[PDB]
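**Q** This one is an experimental structure. Sequence first:
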Amino acid sequence: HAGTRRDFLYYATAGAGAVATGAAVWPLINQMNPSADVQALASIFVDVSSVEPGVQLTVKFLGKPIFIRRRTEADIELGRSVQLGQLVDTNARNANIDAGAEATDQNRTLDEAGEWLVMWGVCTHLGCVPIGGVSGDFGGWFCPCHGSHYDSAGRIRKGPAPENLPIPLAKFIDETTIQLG
Amino acid sequence: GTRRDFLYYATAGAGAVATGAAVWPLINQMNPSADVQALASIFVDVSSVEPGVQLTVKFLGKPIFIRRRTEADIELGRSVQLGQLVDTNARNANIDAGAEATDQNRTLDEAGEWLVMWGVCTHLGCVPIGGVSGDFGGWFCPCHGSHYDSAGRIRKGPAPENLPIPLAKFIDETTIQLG
Amino acid sequence: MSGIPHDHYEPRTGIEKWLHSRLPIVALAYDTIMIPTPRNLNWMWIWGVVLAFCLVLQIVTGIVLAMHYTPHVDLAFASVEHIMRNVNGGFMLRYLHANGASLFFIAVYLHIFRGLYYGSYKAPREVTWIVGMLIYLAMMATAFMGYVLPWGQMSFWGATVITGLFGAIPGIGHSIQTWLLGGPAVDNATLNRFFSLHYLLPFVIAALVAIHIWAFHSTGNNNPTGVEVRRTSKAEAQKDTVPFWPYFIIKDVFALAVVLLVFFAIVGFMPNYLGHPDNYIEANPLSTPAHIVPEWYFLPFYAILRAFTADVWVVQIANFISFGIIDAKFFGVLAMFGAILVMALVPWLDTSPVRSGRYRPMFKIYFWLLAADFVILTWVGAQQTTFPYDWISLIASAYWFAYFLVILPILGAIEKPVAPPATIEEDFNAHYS
Amino acid sequence: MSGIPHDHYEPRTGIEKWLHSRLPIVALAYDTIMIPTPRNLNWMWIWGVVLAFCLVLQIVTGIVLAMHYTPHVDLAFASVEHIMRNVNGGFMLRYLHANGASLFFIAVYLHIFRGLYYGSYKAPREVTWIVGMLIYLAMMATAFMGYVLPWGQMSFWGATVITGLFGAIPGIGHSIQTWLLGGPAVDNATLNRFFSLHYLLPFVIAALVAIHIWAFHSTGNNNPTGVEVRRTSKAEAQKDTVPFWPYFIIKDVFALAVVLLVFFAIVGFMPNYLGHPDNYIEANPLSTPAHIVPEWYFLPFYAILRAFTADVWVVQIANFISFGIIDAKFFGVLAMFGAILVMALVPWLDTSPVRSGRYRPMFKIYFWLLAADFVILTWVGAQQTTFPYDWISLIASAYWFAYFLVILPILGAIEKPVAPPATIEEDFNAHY
Amino acid sequence: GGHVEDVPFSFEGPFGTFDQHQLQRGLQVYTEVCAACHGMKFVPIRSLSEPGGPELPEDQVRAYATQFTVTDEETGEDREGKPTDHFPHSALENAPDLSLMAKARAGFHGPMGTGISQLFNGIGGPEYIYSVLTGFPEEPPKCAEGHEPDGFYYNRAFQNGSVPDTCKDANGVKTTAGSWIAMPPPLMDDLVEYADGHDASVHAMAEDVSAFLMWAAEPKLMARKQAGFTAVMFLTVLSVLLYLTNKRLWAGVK
Amino acid sequence: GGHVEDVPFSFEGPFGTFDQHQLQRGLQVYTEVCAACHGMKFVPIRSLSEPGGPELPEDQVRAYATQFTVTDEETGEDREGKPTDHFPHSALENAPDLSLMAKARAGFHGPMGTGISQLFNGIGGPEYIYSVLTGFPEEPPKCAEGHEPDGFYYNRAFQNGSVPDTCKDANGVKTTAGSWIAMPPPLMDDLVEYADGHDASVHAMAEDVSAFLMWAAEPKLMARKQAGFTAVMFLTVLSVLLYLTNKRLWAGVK
Amino acid sequence: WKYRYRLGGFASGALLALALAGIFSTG
Amino acid sequence: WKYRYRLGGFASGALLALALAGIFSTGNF
Ligand code: HEM
Ligand code: HEM
Ligand code: HEM
Ligand code: HEM
Ligand code: FES
Ligand code: FES
């Protein structure tokens, strides 16, 4: 009851020093968070009428490639051939459709005819571009960095990637274009 | 015997050359790189101006002045005797190295209308402020207060030398080559 | 200092009197350089000096290269070509820095496996081992960030892969990846911060090296017998030891003059052999190369990363029991770091009282299996992730963990050691009779 | 440790004993913080802690700023505006680093003038003085090259003038100048190498600070009386001293806190007052501004440089007797460096046996003249070269040299000093 | 510039803040008048929406940006402005960039080189800008009544300009307070139609645009002052606690 | 890079050097042929006079330089090229820049990923360049004659190209040694006249450009060989003297 | 009981810094 | 006298390193 005022004071000055340190340290961490690059909103559209069947197209957005492909008949056929229970990831990653759909080549194509597939060209494992040209055992794309295989719908079939290649907010709008962003 | 320390100094010796040859490249990398060496020669030609005003042109990272002087500044009575300058050399690449700091030896033309110079203070390299600044006409260096007269000759302050005149010549009466 | 009986410094000349009475820096220098050292150290003890050279080679070439490099994505690769092409000796200075990193990492693996064999991690030396691990961690980070700076294809895609690893960490990981990148993707903010950190961390490495050197002066050096120097008297200590100057300085400087003779032969006549040719292609954020290989010293851990996939049974078990929080991605990230951590924990995992592996007849087998396994992990990291390389990668990754977590704890119970010689003097006189 | 009778560290916790038997890091830390310190120290002893603070601040903010700056002559200025404008807290971080350099030079000028007054450079302390001079020279180079990095008009024309100084050295000077520039003019080669060296030299300063701390630990601290701590016994040493932790740590941290209250007030409410508006103009190699004025901490040396024009009688003599090898340009460069050289030599120029200046009744006058003269040199540095400022700057420079080269050697031969106290204990008791 | 007019601006002093509507008025004045000659290469257009500035809605900033068109890095060709673009460079090469002009100019000096005037009055940047804008008199100084330059205009605040030799002195330096500037007198009463029905006199517009150019030079002045108060409060509390701890501690040494 | 023909270039091995004449021939072929599409944006034109390269005289390098049109990096005006300029960028948009191609490609591999083949044979970039240039056959592979991609040409060396579905094996595996490349067969017999009357076969021209492209990728290869030898000699002497010193010291304790 | 004042002191100092730097600066 | 064995050692070591690097600069093995 005597050295209680000393201890209270010595700990109060320690606590004020702690707060005065915390405020002094956080800006040195926070400066590494995004600065000008918070400008993630943008818009683009592309002339899809260039693309012949079996041809893969790329465009940039958000610092990353977006694929477009005019799918081949055989790419649609082997696409449909998969029963949902064979997939590593059963969920159709498509922000254009409502969340929680199933990956069955119908929730993963931009128009109902099944001709068009649009994706981030970005492997869901660790971000490398998966190489197309019907590469991989499953005839879709092959991730060169860790050996991750995608099929002709962009569904993950083998390797360390957790999920199907994500599909952004893309609608043709014109018979010769697709709009993105 | 002493042939011990002959060997011990020989091994010490192979060391200080190998290390001495290792240290020189870490210095020599700061000497001018081959691009900077290539910029040491340039060719250019530049055009006419009205009297009583000056131009400026970049070369070798630094300004070239071109002033067409006023009647008061082409003449100045030629009043400055060679014995009252700080620097008595012409500092002129177009004439001999024994030239004096005379008005006509400074100018490019015969009348003394045209004065071409490096815009670089001979003290420590600041640009002399022109117009008719300073207390001797001519220019004033803002960095340490050296004064140049209407002929670009050093009159007061820390600078040792008259403003150097580059290699330059008229091509037409309207234009002047620098390289 | 070390507990070994020794002569202290005495200042001889008047200037030594004048200085020593003011600042005992010559005393500290003498007391460091004159440390009594076991007579029987073999050629595996050179590597500490070679590492102390590599650190200076990298610092002085780096400081020089930083006078000419530009840390901006529009200018970086062009500035490296400017170094190679216009700067006096700039081609040599670049190849020296780039190959010198490989020299730094081969010297650390020889230094580490020396320690793992002769038991230099055992008590009282656990602190020296821990500081060594912190040094090695700082080297790994330093070299990765350095390899991003030239901004070729391999720089960009390596940075892309490796920043993704932090995105694997459940919950917090996307925030950490974004804070590393400074944005949603590898970009100019990443290059500029990696340049500043590549400048900083060599000084951290140096400051840890000073502590590590202290860590080994406070205990004294180990030796191939594992038998300590006799502290009993100066006479017995001198029978076990010689001063580090000149005997071992000249021995280690000789070995350094040979290892640099081969290093300068590589840098002169084949400097691109360790490199990956795709890093002479400018970074193309829209086109990943046909094979991303991290440079050779990272391959064993990159092998351990690739070894674990959702097809693997222990991954399926971890996935189940974690309710899918441990997916194969995060499992592989945990495995890759865990392989380094478990090497840090070796002072507590080896239960055996005998220090030198020389006298541990069963341990010798598992050690040489580990030594070969590190080579296999390095080589298998370069191959494609198809049969049989998936099996070879998995089995090698398994043995790495089995050595530290199982074999070492069991051997200290089961093994029947040979008896060491009575003292270092006996061993030395047995070889050099 | 220091030769004051003291208790050594003693490990007692299980972990303490496990560690101390392996690496005596806690013992070294304990000896460092527990050093017995003279109990009579006044407020002038705080500046060492403020200097350590400034070094830590300038390093941490520099490392952070170097993540966003670009050392290239087409992006440097733009990247500084990016820091000011887009980075989280970047405006404050940059104003902290820029004003922190002023805080750092203030704290070293007060730390130096303390050492000059109380004789802290005298035997046995000449080594800590010399290491202090190396620290100061490294600060001067570090801050100059830092101020080149924004690539504004002041950055460019400062880099021009200062590299021009090396060209003044007879014969070899042109080689050193072109080696510093990397070329015939200030350009991208200069900026990029000055960036690398500005990154490097703070760590050099740090290693010198570690040696400086070791040196004064090896002697023990000076005190306002200049009489040493009684080495005879623990009992006497404890009367002259008190342990550094907590008593002086808390005193110094208190003083630091109240000093930084003003520092953060400046950085918040008037961060541009100490700077130059002209460095917010992009560098232009074709025209020098009309306000060429160094940062303020270089102004005394810039004043000494400007004082020696070719009409100055000593310059004329030197030019004659050197047969033209010395001229007003090179004389000015030699004088501007002599001003620091002669201060480094003060341990040997001061012939007096008495340590502390407070017992030196004539020395007090010339010391306060020197402190005023250093203020005058700072102020004349900002003025134009016309009359009367040419006279004032010349007289001031002459007094700076006369103090070290004439007055200090004479006073120790002629001064009639007062008698200092018998002990630090006596002085402390007399003041309570 | 000497003898600048000490204009009271709401951002002055430690509690000072920008008037958002004065900033929007200054933006209008810049856009309609000054932007014809001058540019602002360091200002991102998106910053017009951000806190402490004009704080325009982002769709208005997007409409505003669309008035510009720029040689886009990937088209290589003229492309309408987007909020991520900066303001364009000065269209007249003679006209200085205004992104930092309110920091790159001092209005207050001395006395006698001591810097005390700046210590109380501040640097004086936007005051200098206002003084130059208001600085064109109706009549030249009459020293060169028949003799002044043709391509230049007398301004009483501007100091760096040309001077007629009849106004010049050798004995002194210069008769006149000002000098001749290349910028034509940019403002006229009601030149800009303020949709608020605010005062559109030369005086009012000159203040409004000087405040806008102050925000252009220091868009985070508000946050800087807030951080100043926060840090001062932390160090005040901690200074008092440290003082009392020191006193209690040294009272033992007594 | 596909498995190459092992061309015995004169620069190979520690004593190998560039033949100045072969470099001049390769430069001629690049000038007449490749510069239509491929740039050398990292190569400064002045390097053509540099020691250990083609070592053209300076006025001839200047004459060469003026054939290019350069958009001046400061003036914006187009002008004749100067020795201080670089070679142009690739005129054809998808043609790779050749400044580094002799380092950016490997011709030798393994076995079994061990890298020992590169240890004996080197990286093999020049041999790859030669193999591509020599790799166009007179007619396609016999498989899939009905399915060749339009605008592409079969090349025996190229491995990154497209392949017809009919030429893939069922695993998605390439049956052909080569693949289809967008580069049309560039060399043709006697396409370039060597004024000395040297062999103008496609093999000669392909070798000459491969040597020139090696010099373009490493202009200082010669200086690197010499620095190698001089360092090796210093460290040999120092090694021997240290060895003898060590032996003398350690003899004294056993 | 122990820590009655140690913990209480620490939070009393920490909170006061957080309070008086926030509210009076903001309002 | 004694010092020329030391200094002659130093010089011999010096010239031998330089001379051998000179020889290889003739490039003829
Ligand atoms: C632990 C010591 C260091 C290691 C292991 C290391 C490693 C590396 C590596 C592997 C590279 C890539 C080289 C390449 O493939 O092109 C690199 C590049 C670079 N390093 Fe370091 N480094 C070290 C110290 C330093 C220091 C102190 C600096 C000083 C700034 C530095 C400056 C640079 C620069 C500027 C580059 C980019 C230019 C280049 O590629 O040469 N390094 N570093
Ligand atoms: C910058 C890199 C390093 C340097 C410069 C360095 C330096 C040294 C030196 C000079 C020695 C004494 C000579 C010798 O035994 O070879 C030594 C010993 C040692 N090092 Fe390191 N080291 C480094 C990294 C490491 C690493 C990565 C480890 C392991 C994780 C490590 C662990 C040890 C151990 C256990 C010893 C033996 C200590 C003893 O015998 O008491 N060091 N080190
Ligand atoms: C002894 C400690 C230091 C001193 C005295 C110092 C001094 C300075 C000064 C006076 C400036 C000019 C600021 C201005 O007026 O705009 C500056 C800028 C700069 N400093 Fe330092 N500095 C120190 C440490 C560091 C370190 C260690 C780094 C690197 C990690 C660094 C990075 C920078 C950078 C990048 C700039 C330019 C960007 C800017 O203006 O903020 N500083 N420094
Ligand atoms: C990085 C800048 C510096 C730091 C961090 C630093 C640090 C210190 C510290 C902590 C002390 C002990 C406490 C005190 O006396 O205030 C001290 C004392 C001292 N310093 Fe410094 N110092 C620096 C620069 C200098 C300079 C520039 C000089 C003079 C050239 C100098 C000369 C001295 C002297 C003579 C003492 C007294 C030693 C004694 O009392 O025995 N230091 N310094
Ligand atoms: S990065 Fe895509 S497979 Fe790993
Ligand atoms: S630089 Fe011209 S007077 Fe000093």
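**A** Cool, the structure landed. Numbering: from 1, shown residues only, chains lettered A, B, ... in the order given. Ligands and ions are numbered 1, 2, ... in the order given.

**Q** now the lengthiest helix in chain A: how far from the chain's centre is it?
**A** Taking DSSP state H as the criterion, chain A has its longest helix at helix A:4-30. Distance, stretch centre to chain centre, for helix A:4-30: 42 Å (CA atoms, centre = their mean, to the nearest Å).

**Q** go on, stretch E:224-242?
**A** Worked out by CA atoms, centre = their mean, stretch E:224-242 lies 30 Å from the chain centre.

**Q** neighbouring contacts of it?
**A** A:9, A:12-13, A:16-17, A:19-20, A:23, D:89, D:91-92, D:95, D:250, D:253-254, D:257-258, D:260-261, D:264-265, D:267-269, D:271, E:14-16, E:218, G:13, G:16-17, G:20-22, G:24-26 (CB atoms under 8 Å, 6 or more residues apart in numbering or on different chains). Just so you know, the C-beta spots here come from the backbone N, C-alpha and C atoms, and that holds for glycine as well.

**Q** Mind doing that once more with 6 Å?
**A** Here stretch E:224-242 makes contact (CB atoms under 6 Å, 6 or more residues apart in numbering or on different chains) with A:12-13, A:16, A:20, D:91-92, D:254, D:257-258, D:260-261, D:264-265, D:268-269, G:16-17, G:20-21, G:25.

**Q** thinking again about what came up before, is chain C contacted by the longest helix of chain A?
**A** No - judged by CB under 6 Å from any CB of the partner chain, helix A:4-30 stays clear of chain C, getting no closer than 7.7 Å.

**Q** next SSE after that helix?
**A** strand A:44-47 (DSSP states H and E).

**Q** Adjacent strands (with direction) for that following strand?
**A** Using DSSP bridges, the strands paired with strand A:44-47 in its sheet are strand A:177-180 (antiparallel).

**Q** Tell me the buried residues in the strand it pairs with?
**A** A:178, A:180 (16 or more other CB atoms under 10 Å in any protein chain shown).

**Q** For that strand, what is the distance to the chain centroid?
**A** Distance, centroid of strand A:177-180 to centroid of chain: 18 Å (CA atoms, centre = their mean).

**Q** mind listing what the closest residue to ligand 6 within chain G touches?
**A** Ligand 6 sits closest to residue G:25 of chain G, with a gap of 47.3 Å, by CB to the nearest ligand atom. Contact analysis of residue G:25 by CB under 6 Å, 6+ apart lists E:229, E:230, E:233.

**Q** ok, 8 Å please
**A** Residue G:25 is in contact with E:226, E:229, E:230, E:233, counting by CB under 8 Å, 6+ apart.

**Q** Among those, which are located in helices?
**A** E:226, E:229, E:230, E:233.

**Q** Now rank these by neighbours and give me the top one.
**A** residue E:233 (23 neighbours; other CB atoms under 10 Å in any protein chain shown).

**Q** does the nearest residue in space to that one that is not next to it in sequence count as helix, strand or coil?
**A** For residue E:233, ignoring the flanking residues on the chain, the nearest one in space by CB to CB, 6 or more residues apart in numbering or on different chains is residue G:21 at 3.7 Å. Following DSSP: H, G, I helix; E, B strand; the rest coil, the label given to residue G:21 is helix.

**Q** contacting residues for residue G:21?
**A** Contacts of residue G:21 (CB under 8 Å, 6+ apart): A:23, E:229, E:230, E:231, E:233, E:234, E:237.

**Q** try it again with 6 Å
**A** E:230, E:233, E:234.

**Q** how about TSV for these, with distance to residue E:55 added?
**A** As requested, the contacts of residue G:21 are arranged in TSV below (distance: CB to CB, whole Å):
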residue	distance to residue E:55
E:230	22
E:233	27
E:234	29
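
**Q** List just the nearest of those to chain G.
**A** Within the contacts of residue G:21, proximity to chain G (CB to the nearest CB) peaks at residue E:233, which comes in at 3.7 Å.

**Q** separation between that closest one and residue E:243?
**A** 16 Å (CB to CB, to the nearest Å).

**Q** Mind checking which residue lies nearest the centre of chain G?
**A** What sits nearest the mean C-alpha location of chain G, by CA atoms, centre = their mean, is residue G:15, with 2.4 Å.

**Q** now that one: how far from chain C?
**A** As judged by CB to the nearest CB, to the nearest Å, residue G:15 and chain C stand 27 Å apart.

**Q** which residue packs closest to that residue, ignoring adjacent ones?
**A** residue A:15 (7.8 Å).

**Q** Next: residue C:84.
**A** residue C:91 (5.1 Å).

**Q** picking up where we left off before, ok, and which of the contacts of residue G:25 reach ligand 3?
**A** Among the contacts of residue G:25, no residue is within reach of ligand 3 (CB under 6 Å from any ligand atom).

**Q** Count the neighbours of the residue of the stretch 1-150 of chain C at minimum distance from chain E for me.
**A** As assessed by CB to the nearest CB, chain E sits closest to residue C:74 within the stretch 1-150 of chain C, at 10.4 Å. Using other CB under 10 Å, the number of residues around residue C:74 comes to 14.

**Q** Equivalent analysis for residue A:168, please.
**A** Around residue A:168 there are 17 other residues, counting by other CB under 10 Å.

**Q** Check whether residue A:68 sits in a helix, strand or coil.
**A** strand.

**Q** Which helix or which strand is home to the nearest residue to residue A:73 once chain neighbours are set aside?
**A** Counting by CB to CB, 6+ apart, residue A:53 is the residue found nearest to residue A:73 once chain neighbours are left out, at 7.9 Å. For residue A:53, there is no helix or strand it lies in under DSSP H and E.

**Q** and if you look at residue A:123?
**A** Using DSSP H and E, residue A:123 falls outside every helix and strand.

**Q** No further questions, thank you.
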